[PDB]
Colleague: 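Below: one structure in C-alpha cells.
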Amino acid sequence: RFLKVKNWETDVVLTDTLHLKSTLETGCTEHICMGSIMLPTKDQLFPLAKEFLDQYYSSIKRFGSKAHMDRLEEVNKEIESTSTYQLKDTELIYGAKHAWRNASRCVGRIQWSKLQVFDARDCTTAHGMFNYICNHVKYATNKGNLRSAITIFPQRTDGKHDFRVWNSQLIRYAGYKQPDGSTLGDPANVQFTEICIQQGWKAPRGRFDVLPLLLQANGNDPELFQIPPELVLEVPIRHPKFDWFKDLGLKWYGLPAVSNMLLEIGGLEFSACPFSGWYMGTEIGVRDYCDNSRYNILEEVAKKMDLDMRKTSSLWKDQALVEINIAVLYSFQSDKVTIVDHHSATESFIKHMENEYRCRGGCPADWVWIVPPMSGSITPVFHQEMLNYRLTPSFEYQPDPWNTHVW
Amino acid sequence: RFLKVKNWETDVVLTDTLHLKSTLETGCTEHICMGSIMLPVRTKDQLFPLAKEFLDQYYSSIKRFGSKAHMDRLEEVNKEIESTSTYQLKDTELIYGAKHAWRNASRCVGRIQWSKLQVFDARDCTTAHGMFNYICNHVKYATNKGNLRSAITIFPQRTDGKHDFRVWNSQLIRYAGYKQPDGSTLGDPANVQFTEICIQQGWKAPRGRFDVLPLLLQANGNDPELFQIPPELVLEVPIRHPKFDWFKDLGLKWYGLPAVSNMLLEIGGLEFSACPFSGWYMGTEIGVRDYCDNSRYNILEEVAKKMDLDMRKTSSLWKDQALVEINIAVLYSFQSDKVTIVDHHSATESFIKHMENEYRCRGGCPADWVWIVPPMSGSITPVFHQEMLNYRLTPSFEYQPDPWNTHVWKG
Ligand code: HEM
Ligand code: HEM
Ligand SMILES: C[C@H](O)[C@H](O)[C@H]1CNc2nc(N)[nH]c(=O)c2N1
Ligand SMILES: C[C@H](O)[C@H](O)[C@H]1CNc2nc(N)[nH]c(=O)c2N1
Ligand SMILES: NCCN[C@@H]1CNC[C@@H]1Cc1cccc(N)n1
Ligand SMILES: NCCN[C@@H]1CNC[C@@H]1Cc1cccc(N)n1
Ligand SMILES: [Zn+2]
C-alpha cells in the first residue's frame, strides 16, 4: 500500500501514497512488466466529473462547502440533460496545469504551475484555429524568452466533430523520399510531408522546410496554413571551436510544441490541445540530430573531426555526440533562446520530486523516459527509483487523424 | 496469449509466447509499474512441483521428454523428497541449470554467450579452506592470462537454512574502502562497510587506494573465515589514455575479472546460496560507474581539470566530455594488455542479435530495459530503441540478504 522509493546515490527514501488514487491501468501485470513499451456515456461521465470536482474543490480549500455541493449538482443536472458539460474557466486552467503535473514522462514538471492557458473553446473553423495557433506561437516564443502555454480547442461531442491538429508538433521540418532511395529532410515526417502535398502544399524540397499546419475543425477536412515565417524562431547551429561546424548547414526551431495529444479533464476529451515549453538540449542534439532514423549526422561529424571510425571501441560516436550537443546548447544560448541542458533539467526534476513527495505524497514518473538519452548515470535521475502510475487530468495518446478521418 | 515488441529504429516487430511460462512475480500490478525499483527453507509440499517443472524442461531440452529415463528420474526425485525432504541434482542437470539461470537473467546484456559457461561442481566442499581452494581455481581458470573464460562455481545447496554456504564478498575481487575521520574516503566508497568487517575479522589493511580485499568465506553455516587471494592470481590493468600522457599519472588501475558472488542460484526448487560467477567486462561498468558515480571513485573533476575544460557552467558539458575520455582510456588499456573487454556499442549490437535469435528459437527473451541500456550514450546504442518484456523464469539468479545481516555468530 505505502510504497517507498530510494535514491541510490544519496540514500534518500521517500514514501508514496499518491499512487493510491491511481485510476487508469499501466499495461503491466504481476507476471509481466511493460515498462519499456512506448504505447502499452452519461453513466461513465458523472463519476469522472465528481472525481475531478472533488479534487478541484479540495485544492481551493472548499471541499464539502456549499459551493462544492452546488457545483456538483449543477454538473450532474447538465450531464443528465445534455449528456455532457462545460468546465468553468477556473476548472479548465486547473485541469490543464494538473494534466502537466501528472505527465509521468515529462522531466520539466517543476514548472507545472506556471502555464499560460488559452481558452479556444469558442473556435468554430480551421481559419480560427490557425489564428489561435499563431497567437500561441508568438506568445510562447516571446522573442526567445520562452513561456509555456497550451491552447484548448472545443471538447469532443459525438466523435464525428472532433477538432484536431494533424501535425505531431506545431513546428517541424518536412521529409521526402528521393529517387536515390535516400530521404531528404526529416525522415520521421515523410508520410506527413506527403499528406500536405496530397492536399496542395508546395514543397520547396529543402532539408529544413517548416511544414504547414493541417488544421481540422468540427470534423471537416483539414486545411493548410503557413505559419508566418516571422513567427517561427530558428537557430543556426555552430560550435564554439569547430569553425567547420557551421558548414554542416544545420539549424533547429526554438519552440518545442506537441500537438497530437488528447487532454482529459473530468471525463471530458479535448482532442486538439497544442502545448509548448522550452527545450532540453539532448532532445535536439542527441535525438533529432543523432538518431539513426532522424537526421543521422554522426558519421559526417565524425569524418569532419578526423576520428578513427575504423573501430567502435575508439568511441568516436560518443566523442562526436558530445560535441554535437555542446554545439546546440552553444548556438541557442548565443542567439538568446531559452534552452536547458540535461544536467540542470534532471537536477531540477529531483528537487520537484522531493517537493511533490512532501506536499502531495508522490510524483508519478517513468524512468525510461526521464533519464536523458546520453550520459545517463552522471545525471541524478539515473540513481533515483521512480514509481509510474496514471492520474487524471492527463495527456493521452490518440490515433493519427489520417487513419480515422472519413473525408 | 501473444505479446509484441517493436524496435522503433527498424520497425521490426517480435512476438513473445515464452512469457506464458513465467511464474514468479514482477513487483508490478495493473495499477503501478515498479520497473525502476532495484529490489522489488522450502517444504516438501512446494518442492516436488518445482522439481517436476524443472525436470520436464531438462528432459525436453535433450529431446527425451516422456522417455523411460525421464519417468524414472521423476520417480527417483519424488521418492528422495518424501524420504529426505530434498533431493540432489545429477551433474548434467546442474550444468543445464546454471546455463539457464544466465540465459534467463534479464538484467544481463552479455547473454549471447550463455551456452559457453564452465561450471565447477563444488558440492563436495565442506569447509571455508575448501571454498578458498575452489575459488582460487575458478579465478585462475577464468582469467586465463587475460583471455577470459566465463565460469561459475557451485557450492552445497541450502538445507535447513542454518547450514548455508556463503561468500561474504559481493564480488570475488574488489578494492577496499576506508572512511577517514575528516569524512573523506580512501579507496572504493561502496566497500567501506565490508572492509570494516574484514578489519574486525583480523585483516591487516594496507590502507591504499587500490587494495584487493580478502575473501571472507562461510561454509556449512559456520562463522566466516578470511583468506588472501594469491596476488599472482589477481590480474590488474593500469589505466592510461592513448593521447593524454598525463592520464597514467592519475594513478588508476582496475582488476580484469568481473565476478558476482552474492547472488542465489535457484534450480528446480533447490537453493544454491554460494555460487560465484564471472565473465568479462563491458567498458562502461568501470569507465562510467566504478570511476564516475558520485558515490564510487568519482574522478570526473580531477580528469576535468587536467583536460582544462570549462567547469564553470554545466552547459559546457565538461562532465560529459571527461566521461568519454575516461571510457576511451579503459578500453585502450585493456586492449593493450590483451585482457578481454567489450565496448557498449559492440555488446548491445550483439545482444540485439541474441534477442532476435531467442524470439525465433525460444519464443522470447525476458529483458530489463532499465539495466540493458548502457549508462552513457544511451540512444546511440540499438537497445535504447528496443521494446523489451520483463518477466521471471527459473532456473534463475536471485538476490538474497547480505549475510552480516542474518548470520548467527557462533564464536
Ligand atoms: C518548460 C520546459 C519543459 C521541459 C524542459 C520539458 C521537457 C520534456 C522532455 C525532455 C520530454 C520528452 C520528449 C521526448 O523524448 O519526446 C517531455 C515530454 C513531455 N512533456 Fe515536457 N517539458 C517542458 C514543458 C512541457 C509542457 C508545457 C507540458 C504540458 C503542458 C509538457 C508535457 C509533456 C508530456 C505529456 C510529455 C510526453 C510526450 C510524449 O509522451 O510523447 N511538457 N518534456
Ligand atoms: C561474457 C561476459 C559478460 C558480459 C559482457 C556481461 C555484462 C553484464 C553487465 C554490463 C551487467 C550489468 C552489471 C551492473 O550494472 O551491475 C550484467 C549483469 C548480470 N549478468 Fe552478465 N555479463 C557477462 C557474463 C555473465 C555471466 C557468465 C553470468 C552468469 C553465469 C552473468 C549474469 C548476470 C546477472 C545475474 C546480472 C545481473 C546482476 C545483478 O542483478 O546485480 N553475466 N552482465
Ligand atoms: C523502446 C523504448 O521505450 C523507447 O526507445 C523509448 C526509450 N526512452 C525514451 N525517452 C524519451 N524521453 N523519449 C523517447 O522517445 C524514448 N523512447
Ligand atoms: C534506480 C535505478 O533502478 C538504478 O539506479 C538502476 C538503473 N540501471 C542500472 N543498470 C545497470 N546495469 N546497473 C545498475 O546498477 C543500474 N541501477
Ligand atoms: N511526443 C513525442 C515527441 N516529443 C517532442 C520531442 N522533442 C520536442 C517534443 C517534446 C517536448 C514537449 C514540450 C517541451 C519539450 N522540451 N519537449
Ligand atoms: N551485481 C552488482 C554489481 N555487478 C558488477 C558490476 N561490474 C561487474 C559486476 C557485473 C558483471 C558480472 C559478470 C560479467 C560482467 N561483465 N559484469
Ligand atoms: Zn512494470
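Here is how names work: the chains are called A, B, and so on, in the same order as the sequence lines, proteins then strands, and each is numbered from 1.
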Colleague: Tell me whether the count of non-hydrogen atoms from other residues, nucleotides or ligands lying under 6.0 Å of CZ in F2(B) goes above 12.
Modeller: no

Colleague: Within a 6.0 Å radius of atom CD on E398(B), are there more than 12 heavy atoms belonging to other residues, nucleotides or ligands?
Modeller: yes

Colleague: Is chain A contacted by the side chain of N390(B), its backbone, both, or neither, given a heavy-atom distance below 4.5 Å?
Modeller: both

Colleague: For the candidates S316(B), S295(B), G35(B), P375(B), which exhibits the highest count of non-hydrogen atom pairs separated by less than 4.5 Å from chain A?
Modeller: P375(B)

Colleague: Flag the one option from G378(B), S315(B), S346(B) with the top tally of heavy-atom pairs under 4.5 Å to chain A.
Modeller: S315(B)

Colleague: Between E385(A) (side chain only) and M38(B) (backbone N and O only), is there a donor and an acceptor less than 3.5 Å apart?
Modeller: yes

Colleague: Do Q319(A) and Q321(B) come within less than 4.5 Å of each other through their side chains, counting heavy atoms only?
Modeller: no

Colleague: Please flag which part of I326(A) lies under 4.5 Å from any non-hydrogen atom of chain B: side chain, backbone, both or neither.
Modeller: both

Colleague: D320(B) and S375(A): which non-hydrogen atoms are nearest, and at how many Å?
Modeller: OD2-OG, 2.5 Å

Colleague: What are the two closest heavy atoms between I32(A) and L389(B), and how far apart are they?
Modeller: CD1-CD2, 3.6 Å

Colleague: Where on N327(B) is there a heavy atom nearer than 4.5 Å to chain A: the side chain, the backbone, both, or neither?
Modeller: both

Colleague: Between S36(B) (side chain) and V368(A) (backbone), is there a donor-acceptor pair under 3.5 Å?
Modeller: no

Colleague: Among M374(A), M386(A), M38(A), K317(A), single out the residue with the greatest number of heavy-atom pairs under 4.5 Å to chain B.
Modeller: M38(A)

Colleague: Is the shortest side-chain heavy-atom distance between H385(B) and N292(A) below 4.5 Å?
Modeller: no

Colleague: Could I get the full list of salt bridge (charged side-chain N to carboxylate O under 4.0 Å, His left out) partners for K303(A), not counting sequence neighbours?
Modeller: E299(A)

Colleague: Please classify the contact between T10(B) and chain A as side chain, backbone, both or neither, with a heavy-atom cut-off of under 4.5 Å.
Modeller: neither

Colleague: Which one, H19(B), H344(B), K313(B), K6(B), leads in non-hydrogen pairs under 4.5 Å with chain A?
Modeller: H344(B)

Colleague: Select all residues of residues 329-337 of chain A having any heavy atom within less than 4.5 Å of some heavy atom of chain B, and report them by number, or 'none'.
Modeller: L329(A), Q333(A)

Colleague: Tell me, side chain or backbone of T381(B) under 4.5 Å from chain A's heavy atoms, or both, or neither?
Modeller: neither

Colleague: Between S379(B) and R287(A), which heavy-atom pair has the shortest distance, and what is it?
Modeller: OG-CD, 3.5 Å

Colleague: What part of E325(B) is in contact with chain A, defined as an atom under 4.5 angstrom from a non-hydrogen atom: side chain, backbone, both or neither?
Modeller: side chain

Colleague: I'd like to verify something: which residue of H345(B), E349(B), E25(B) has the highest number of heavy-atom pairs under 4.5 Å with chain A?
Modeller: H345(B)

Colleague: Who wins among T284(B), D293(B), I341(B) for the most heavy-atom pairs under 4.5 Å with chain A?
Modeller: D293(B)

Colleague: Using non-hydrogen atoms and a 4.5 Å limit, figure out which bit of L24(B) sits close to chain A: side chain, backbone, both or neither.
Modeller: backbone

Colleague: Identify the two heavy atoms, one from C292(B) and one from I378(A), that lie closest to each other, and give their separation to 0.1 Å.
Modeller: CB-CG2, 4.4 Å

Colleague: Taking side chain as C-beta onward, heavy atoms only, is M34(A) less than 4.5 Å from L3(B)?
Modeller: yes

Colleague: Please check this pair: side chain of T26(B) against backbone of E30(A), looking for a donor-acceptor N/O pair closer than 3.5 Å.
Modeller: yes

